[PDB]
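Going left to right, the sequence shown walks through residues 6 to 111 as full-length UniProt numbering numbers them.
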Amino acid sequence: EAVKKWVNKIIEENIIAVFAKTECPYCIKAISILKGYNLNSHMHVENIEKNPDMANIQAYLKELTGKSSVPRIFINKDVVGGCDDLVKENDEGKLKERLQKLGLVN
Ligand SMILES: [Co+2]
Ligand SMILES: [Co+2]
Ligand SMILES: [Co+2]
C-alpha cells in the first residue's frame, strides 16, 4: 500500500504528473512539450529509476494506464499515457483543450 500511496500523492498533488527515468529521450521530449505550454509551475517529474521500488511503481503505473513504460503522463489525474499519446493529443488539439479547461492556457 505504501508504494501505491506514494504514487497517488504525486498524481493527486500535481496537475501535471510525469513519471520518467534516467537518460530517457521520450521522457525528455514529453517534458519539453509540456514545459512549452508554460506548465512548469504545475508539473512534477519523478525519476522512478532513482528509486528502490522501480518495479512496484511500474507495475502500478501499468495497472493505472495499461503500460509499465516511462514516460507515464497524467493531467489532473486523467491518463494521457506516453510521449506518443502526448504528441497525438498535441497535434490534434486535445492537449490544448485539456489545458484550457484547467485554466492553464488561455
Ligand atoms: Co548511457
Ligand atoms: Co515557455
Ligand atoms: Co519527486
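The beta carbon of each residue, even a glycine, is placed where N, CA and C say it ideally should be.
- Residue state for residue 41 is assigned as helix, using DSSP reduced to three classes.
- Rounded to whole angstroms, residue 14 and residue 52 show a C-alpha spacing of 15 angstroms.
- In this structure the stretch 30-50 lies against the stretch 76-96, because at least three pairs of beta carbons, one per stretch, are closer than 8 angstroms.
- Within the stretch 28-102, the complete beta strand (DSSP E) runs of at least 3 residues fall at 48-52, 77-80 and 83-86.
- For residue 33 and residue 24, the gap between their C-alpha atoms comes out near 11 angstroms.
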